[PDB]
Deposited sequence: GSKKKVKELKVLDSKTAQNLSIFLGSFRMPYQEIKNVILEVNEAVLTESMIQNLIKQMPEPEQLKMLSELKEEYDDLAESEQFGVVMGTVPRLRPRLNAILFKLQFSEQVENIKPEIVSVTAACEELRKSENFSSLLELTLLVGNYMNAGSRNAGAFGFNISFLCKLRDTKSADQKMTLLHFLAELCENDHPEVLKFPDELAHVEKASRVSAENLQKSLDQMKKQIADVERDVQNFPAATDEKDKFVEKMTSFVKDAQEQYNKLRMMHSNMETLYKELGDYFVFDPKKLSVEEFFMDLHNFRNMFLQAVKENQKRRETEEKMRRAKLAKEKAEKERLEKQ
């Protein structure tokens, strides 16, 4: 059969897609209309969106379907899809509905890690004690101590291990520090923004959606109810993200440091590095004070 609208490759792709898809065009239409969640999936929508003929082509494909049987499977599909009101925006609202909960799930953790880390630090007394005996802390390893052949870090860690068995527990109170050092405050924000726009757009497309030109189209029906809930959820998320940014300020005072020059990621990435440096030093002392124990046995 010959093509009367679709262009070469475009038809080439639809032929494939729909083929390995295997599903009556009318069923696809009704699945899209009723938003059948027993059929629809993230990818399925991404594929329809990525394979759907341009609107201008759909208008051309429907402006002469009296010869339906005479159209290639690719263009027959085109005709059907030409019957769906507000196709593209409809598809995005649907895609959004399928993606939301999960893209929130992907964000929240970042926020919680940082939040927890900040909470952990402030409430960590052992780390406070460690500060006494003492951001610019990953430098102790780069100095010397009372005597020689032992970085200040070691002496600090040893002094801790001898009569401060407790300070040697601070790493076990800074659980989320590592997860926090992995976060990207920049990216964290971009996400909440893209999301902000995402919800806005879908709300618009809905508040601008037509009426029931077919008692099968139950779009505005659900979608309006969803956006509502997606909103309540986005707000709560933003509040969490604010509580984070906020709690990170409090540390900028208590531990006194500039929360404008040092990002949340960078900051913690160092506190984490130091926490390791400390654990490393402790292991090194245990080694030294283990071989030296022999160097004195070798005199016997």
| property | result |
| --- | --- |
| Non-modelled portions of the deposited polymer sequence, in sequence order | 1 to 6, 141 to 161, 328 to 340 |
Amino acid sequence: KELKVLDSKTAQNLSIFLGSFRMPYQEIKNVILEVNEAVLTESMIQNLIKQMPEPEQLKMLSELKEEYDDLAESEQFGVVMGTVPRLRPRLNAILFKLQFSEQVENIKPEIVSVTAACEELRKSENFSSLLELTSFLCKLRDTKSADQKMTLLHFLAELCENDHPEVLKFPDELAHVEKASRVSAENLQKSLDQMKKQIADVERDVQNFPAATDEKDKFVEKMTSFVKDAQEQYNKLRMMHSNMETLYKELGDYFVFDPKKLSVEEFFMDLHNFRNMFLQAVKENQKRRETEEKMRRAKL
From here on, numbers count along this sequence of modelled residues.
property: Given 191 to 199 and 206 to 214, the range whose Cα B-factors average higher in the PDB entry; result: 206 to 214
property: 174 to 182 set against 143 to 151, stretch whose average Cα temperature factor tops the other in the entry; result: 143 to 151
property: Among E120, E110, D163, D229 - the residue whose C-alpha B-factor is largest in the record; result: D163
property: Selection from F255, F267, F274, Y234 [criterion: highest C-alpha temperature factor in the record]; result: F255
property: Where the record places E73 (Cα B-factor, split into thirds across the chain); result: middle
property: Chain thirds of CA B-factor: placement of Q280; result: lowest
property: CA B-factor placement of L87, once the chain's modelled residues are sorted into thirds; result: middle
property: Third of chain Cα B-factors occupied by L251; result: highest
property: Chain-wide C-alpha B factor ranking for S135, given as lowest, middle or highest third; result: highest
